[PDB]
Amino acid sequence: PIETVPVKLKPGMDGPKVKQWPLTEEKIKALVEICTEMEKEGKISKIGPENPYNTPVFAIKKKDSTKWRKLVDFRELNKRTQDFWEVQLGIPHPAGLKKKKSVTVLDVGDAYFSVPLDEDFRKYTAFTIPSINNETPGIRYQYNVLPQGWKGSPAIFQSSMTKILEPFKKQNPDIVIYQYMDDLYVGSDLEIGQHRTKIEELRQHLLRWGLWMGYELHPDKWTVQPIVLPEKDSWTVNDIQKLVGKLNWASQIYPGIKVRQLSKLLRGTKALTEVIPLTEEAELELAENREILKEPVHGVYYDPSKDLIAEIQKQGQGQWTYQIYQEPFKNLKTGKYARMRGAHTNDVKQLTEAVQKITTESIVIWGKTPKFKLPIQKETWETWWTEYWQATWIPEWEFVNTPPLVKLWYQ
């Protein structure tokens, strides 16, 4: 008996037409059960080939979670509805969420099934279930309610969400609550004990309105990865050659980097392994360059209208560095991960973990997901990444092939 919010695609665009990729046996059996149950509850209904639209579908398990979770790759549909969830029903991003001692994430995607979807828009939510060895043709469905993973679901449900959280926000006015996709971010400066208790207060407060899992974050302990120069007492020709090449690359970010006095030490055609004593003017040029790298870059600030971009570098030995920026060399944040799941054995699992951590940080800090530049071959990534995905959202990505230059971001 609920009225539907009319939704339109971006003018001049059509719906998504993305082929379904192969799924493993465990994922298909998980999808068949979920879709059969969702069909019995009227959340989805079968359709036919007269619907030219289609969106890929697979399944995941969250961290330390046994239950399978249906996940739709609505990335292409979210691009073709961008003016809806940013112009009309935009959700504000609290700048204080990143400043809280503890932030917890709550999967509230189950609440979207309560609200029906606009009848004219259901044609674009179509998805197909494959079968092992193509025993049967594809089993096509479409959504009758607000789908999970679609950027229009939290916008339509925002009005209902604000009225559900009003009793809790009043009693706890110092707690920040941010909603992004199927997740709910709850941040507070409370002690770890009573913080999780306030989370359970919100869990029971949400259960009485027809709705569980929690992941803890600590944005106050997030540290950046600066550019560091080696501290050696005996330098060689090769050491100084690598030092100048690194400082030359870093000069594109810090305009005050000078390499003249250090280059003068490399005047002759010397052997790489020859020890070179640093002159007086070179030592001062190195000490001054170290101080500039301590300074923040001039004229760097987040722009709400520009897209976020994230680059990741493989440093070996489980080390992974990353930088987030909107304009080149104007990095809004840099960092480094180490000893993640799959270290010293699985690069794709480590890279998948890195993309998730970086995306989670970008949601807390700016409320946006960055477009990733992945140091991996396209076929290597598209073959394994779903085996390790553990998040209800999916960021956009492209594949790069940049051979290592002068190891700028890691010693």
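Here, rigid core means the biggest group of C-alpha atoms that superpose within 1.5 Å across both forms. Residue numbers here begin at 1 and follow the sequence given.
K.L.:
215 to 223 versus 276 to 284: which one's CA atoms end up farther from this form in 6 other deposited structures of this protein after a core fit?
P.N.:
Larger mean C-alpha displacement, comparing 276 to 284 and 215 to 223 in 6 other deposited structures of this protein, is found in 276 to 284.
K.L.:
Out of 306 to 314 and 290 to 298, which shows the greater rigid core-aligned C-alpha deviation in 6 other deposited structures of this protein?
P.N.:
Comparing 306 to 314 with 290 to 298, the larger C-alpha deviation in 6 other deposited structures of this protein belongs to 290 to 298.
K.L.:
Unmodelled deposited residues between residue 211 and residue 212: none, 1 to 3, 4 to 9, or 10 or more?
P.N.:
The entry leaves 10 or more residues without coordinates here.
K.L.:
Return whichever of 2 to 10 and 402 to 410 has the greater mean Cα B factor according to the PDB record.
P.N.:
Comparing averages over the C-alpha atoms only gives 2 to 10.
K.L.:
So which stretch wins on mean C-alpha B-factor, 82 to 90 or 124 to 132?
P.N.:
Comparing 82 to 90 with 124 to 132, the higher average CA B-factor belongs to 82 to 90.
K.L.:
Which is it among 305, 313, 238, 188: the one with the largest CA B-factor in the entry?
P.N.:
Checking the PDB record, the top C-alpha B-factor among 305, 313, 238, 188 is at 188.
K.L.:
Check the PDB entry and point out which of 232, 140, 260, 336 has the largest C-alpha temperature factor.
P.N.:
Highest C-alpha B-factor among the listed options: 260.
K.L.:
Grab the CA temperature factor for residue 293 from the record and place it in the lowest, middle or highest third of its chain.
P.N.:
As the PDB entry reports it, the C-alpha B-factor of residue 293 lands in the highest third of its chain.
K.L.:
Lowest, middle or highest third: which one holds residue 317 when the chain's residues are ordered by CA B-factor from the entry?
P.N.:
It falls in the bottom third of the chain.
K.L.:
Would you please rank residue 77 by its C-alpha temperature factor against the other modelled residues of its chain and give the third it falls in: lowest, middle or highest?
P.N.:
Tercile = middle for this residue's CA B-factor.
K.L.:
Among all modelled residues of this chain, ranked by Cα B factor, put residue 196 in the bottom, middle or top third, i.e. lowest, middle or highest.
P.N.:
It falls in the top third of the chain.
K.L.:
Looking at the C-alpha B-factor of residue 222, is it in the lowest, middle or highest third of its chain?
P.N.:
According to the entry, residue 222 has a C-alpha B-factor in the chain's highest third.
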